[PDB]
């Protein structure tokens, strides 16, 4: 079963910094170790096999080293294009084993979010539900507080949010918040407000609307 323990679980370097990932075996394997890179979405890509050889195409900035029971992969000049999850594998003894994986984010200057709001489509209203969407575009870090305030009143439990994986080119994130209420209450109140408190602003910035048409 050879348990491949991978460390760390979540690393985070800056563009140009170097990344180091270690994978320890529970018993000596030898040289049959490998590493794969999985970018969010698509499946894994082979990066290094036989502990240190690079698969054709893989840039020289990726280095596989170590041997015996401790293996390590290094990224010399971390570039936004390396943002992804990485995996360690062992193929000397069955069953083939993988490491727990490491997620690699990127540090960068802050970015306040560009906030937008979208009233519910006339379409959805008919179905008897009114979904209101607030969007926070390209910001960093991801720690962002989105508070929904319908007519000077705060909501809670009646809204969900999703955050994108780190942009493979901006190193930023993006968040959407959807206030889901009944076609009933939506026709009642008039002021729909979205307030966001990011660690990049002085006071809570806010976008809002009023049932127009």
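Positions refer to the first chain, counted from 1.
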query	finding
121-129 versus 104-112 - which carries the larger mean C-alpha B factor in the record	121-129
Selected stretch [higher average CA B-factor]: 181-189 or 30-38	181-189
Highest recorded Cα temperature factor - choice among 67, 159, 147, 63	67
CA B-factor ranking of residue 166, expressed as a third of its chain	lowest
Residue 94 - which third its CA temperature factor falls in, relative to the rest of the chain	highest
Cα B factor band for residue 9 (lowest, middle or highest third within the chain)	middle
For residue 153, the third of its chain into which the C-alpha B factor falls	highest
